[PDB]
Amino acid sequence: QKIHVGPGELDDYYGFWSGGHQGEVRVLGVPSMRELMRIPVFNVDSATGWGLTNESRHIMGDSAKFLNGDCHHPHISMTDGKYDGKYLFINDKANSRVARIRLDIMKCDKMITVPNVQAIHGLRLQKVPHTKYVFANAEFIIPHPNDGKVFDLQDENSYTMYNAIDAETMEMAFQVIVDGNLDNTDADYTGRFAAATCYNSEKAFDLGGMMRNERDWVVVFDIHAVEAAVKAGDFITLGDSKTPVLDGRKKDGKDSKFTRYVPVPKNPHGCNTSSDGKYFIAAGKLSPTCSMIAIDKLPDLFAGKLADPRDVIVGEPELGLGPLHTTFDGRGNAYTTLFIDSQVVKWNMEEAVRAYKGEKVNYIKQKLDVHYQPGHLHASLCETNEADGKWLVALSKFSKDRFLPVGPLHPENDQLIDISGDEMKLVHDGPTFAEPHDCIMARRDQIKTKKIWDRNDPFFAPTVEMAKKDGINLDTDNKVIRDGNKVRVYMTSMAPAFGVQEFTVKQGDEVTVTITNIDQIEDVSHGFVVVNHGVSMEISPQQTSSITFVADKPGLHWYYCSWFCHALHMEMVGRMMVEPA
């Protein structure tokens, strides 16, 4: 298969990389493994002005004060268990957020701070009949209220929560209180069930105390029950938050209607739904195994027909030292990362089930050495019923000597593996910055992007609305509006000239600058930088962007186009003149 993309040839798949604790999303071409684009999200991007513009800061809301993010789990919206390519969602563990990226423009359009929780980690989307909810794990246990009166993790009100978000409105939909904590999560192929791993059933704070008892669990949710109760008004609220909260904790050994707890060894990590939709598969981490829950048997468990929690475990294969995550070729094989053994193991699921039932069958097919310490892995289309079994990417955390030395801080090794035949084969070592955790691949024909902006696009619709209240036609106008100590500059730009090449303000004015790029030709991007004022933004064809800063320095202040747009780019400039105190 494939491997090389030469000049003039295009990649076959889009890859979407989490940027880890750097905070952006990266778009790659597969199988080239080249970075086609970065999409700023939780990071401040000096290039495009994400974090600086009024459009981005409005999207970010109050959290625009944060300059950091820690994002792990990128996922694409689905319709009937197949990517629809409309949105990508990603977590922020550092500042408790979920972001939405529109895949038609490759920008983040919505962001939410998840209320009453700490650290949003695991995240996956509802598969069937479409992505109605985004499900997100809050990883750390906290007091409720968290007012500094209680610090102890054991209080009746010290807990973490599972989170559902309307994928379309990006509002909170509901939250479910749970025993222990939450690591990773996945959803079934019906919409009824979701599931999550827990590694802190002990509720300790030290290393040894989290590794305490030989088993934790995966908690299985009945979204249908949860939906029913919310619409039956049976919910509580926490603090000033209107979010419906339902209780998924076990009372005195009795179950809530919303949850079930399936014991799993040992500090389990990855939580993955097979492409055939037969299994939730939990990676054992400290246990050298994975754990297979039959989704089949979940209706009987919730209905009380099953004698005991462990009954839904139809497989528990022994695999190797330090299992972290599982993915699927859609051929009936599963692929699991072993962190300690530094391998990917390929294994047959149905054979694992039968071996848990007595039959002595060798369910392991192959172990491939990786370099080194793999975390996540992802097979192409693995999260859909179209799992095509062509490509595998394992994302290792130590690169050691796989690339040229670049100092004490090392890159990550993301390795492309061909799985289209019977033997896994390593084809490409891909260095990446700041620890991507997971990634997702889509077919090229599953993504459809806009070549230039629509004037009516929601992204800057608020800026269009404000322009109205000044009597500005953004498509045509080059005006300066004065309002007390607020100066609002409106201009069109067309390579190689700004529509407004000079304005004059008085010292201390609040200057907003709105730019509308009216070039027709694709790729004709402009920038705008105000020298020595900390101001920078992109404006792409037919886009409107706006930025606001204080003219606190008297004298002549130059602004220049940052994006190379024309032969006369260097001369694409203007002057802001600031009248003294």
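Quick note: we count residues from 1 along the sequence shown, nothing fancier.
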| As stated in the PDB record, which stretch has the larger average Cα B-factor, 349 to 357 or 71 to 79? | 349 to 357
| Mean Cα B-factor comparison, 145 to 153 or 96 to 104, giving the higher one as deposited | 145 to 153
| Among 90, 314, 344, 447, which carries the highest Cα B-factor? | 314
| field | Top Cα B factor in the deposited entry, candidates 390, 260, 110, 378 | value | 260
| said: Ranking every modelled residue in this chain by its Cα temperature factor as given in the entry, which third contains residue 403? | reply: middle
| task | Within this chain's modelled residues, let me know which third the CA B factor of residue 368 belongs to: lowest, middle or highest. | result | middle
| residue 419, C-alpha B-factor rank within chain (lowest, middle or highest third) | lowest
| query | Should residue 84 be placed in the lowest, middle or highest third of its chain by the C-alpha B factor in the entry? | reply | middle
| request: Please rank the C-alpha B-factors of the chain's modelled residues and tell me whether residue 453 sits in the lowest, middle or highest third. | output: middle
